[PDB]
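>>> just need the structure, nothing else, for what follows:
(one chain, ligands or ions: 2)
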Amino acid sequence: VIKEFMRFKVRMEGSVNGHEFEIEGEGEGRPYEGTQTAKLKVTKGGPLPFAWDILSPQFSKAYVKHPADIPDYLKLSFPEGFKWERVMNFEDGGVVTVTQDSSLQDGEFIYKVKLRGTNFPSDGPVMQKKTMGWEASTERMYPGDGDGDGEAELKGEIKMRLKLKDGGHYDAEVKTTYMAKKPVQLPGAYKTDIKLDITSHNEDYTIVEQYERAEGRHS
Ligand SMILES: [Ca+2]
Ligand SMILES: [Ca+2]
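Numbers count the residues shown, from 1 in each chain. Ligands and ions are numbered 1, 2, ... in the order given. Dropping the coordinates below:
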């Protein structure tokens, strides 16, 4: 059901420091090559009064290139799909919590995202729009119980670093649990190398295009 070229549609509803917004977008990519693009539009609550960069990692793990000897748990979960739940703890106390549902309908992936950002300092780089994209990251994957049923799901941990417009960096610690909707084979521990670029945007980041390349490899 996962072809060599796949499209997706995404909707996000969120709030950051109480500012509510909605985003609708579409994407496409090559799931076995690990590459994908997305075009997002802010349909309500724009222009966003905070940095786009805290949203960009929430817009697609079916598109991670995996070697044949690492089970591709998230690809195997389809057509039913999977859910994920993420916490990002930023170094100045801001927090982003995300929940997401991924399914396959009419030959396309369907993503539904709910996001809540809290406690960003009013004078910090997120609320002041002083960020300039993510450095490449490495997510460390491992099987572990993330939902209290006693059975392992797939967990990931990332140390992420955002570049600052005025010079410097700004760090976040991220934990995600990925949960298949049907029983499928979990891998052992491995790592995923990820690089996400904003490839174009209008001046106020209400229409934004992203590109991501992601590849799983042995530890
Ligand atoms: Ca579990
Ligand atoms: Ca479970």
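>>> for this protein, which residues are neighbours of ligand 2?
Residues of the chain found near ligand 2 (C-beta under 5 Å from the ion) are 147, 149. The way it works is simple: take the backbone N, C-alpha and C, and place the C-beta from them, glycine included.
>>> what about 6 Å?
Taking C-beta under 6 Å from the ion as the criterion, the chain approaches ligand 2 at residues 147, 149, 151, 153, 179.
>>> JSON lines for those, including neighbour count?
Formatted as JSON lines, the residues of the chain next to ligand 2 follow (neighbours: other C-beta atoms under 10 Å):
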{"residue": "147", "neighbour count": "12"}
{"residue": "149", "neighbour count": "9"}
{"residue": "151", "neighbour count": "12"}
{"residue": "153", "neighbour count": "20"}
{"residue": "179", "neighbour count": "19"}
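>>> surely residue 54 meets residue 126?
Yes: checked against C-beta atoms under 8 Å, the pair residue 54 and residue 126 is within contact range at 5.8 Å.
>>> give me the common contacts of these two.
Contact criterion C-beta atoms under 8 Å, 6 or more residues apart in numbering; residues bridging residue 54 and residue 126 by contacting each: 16, 94, 117.
>>> between these, which is nearest residue 101?
Within the shared contacts of residue 54 and residue 126, the smallest distance to residue 101 is 19.3 Å, found for residue 117 (C-beta to C-beta).
>>> quick one: the residue lying closest to that closest one once chain neighbours are set aside from residue 90, how far?
The shortest distance from residue 117 to any residue that is not its chain neighbour, by C-beta to C-beta, 6 or more residues apart in numbering, is 3.5 Å, and that residue is residue 16. When C-beta to C-beta, to the nearest Å is the yardstick, residue 16 and residue 90 sit 12 Å from each other.
>>> overlap in contacts, those two.
Here residue 16 and residue 90 share the contacting residues 96, 120, 126, scored by C-beta under 8 Å, 6+ apart.
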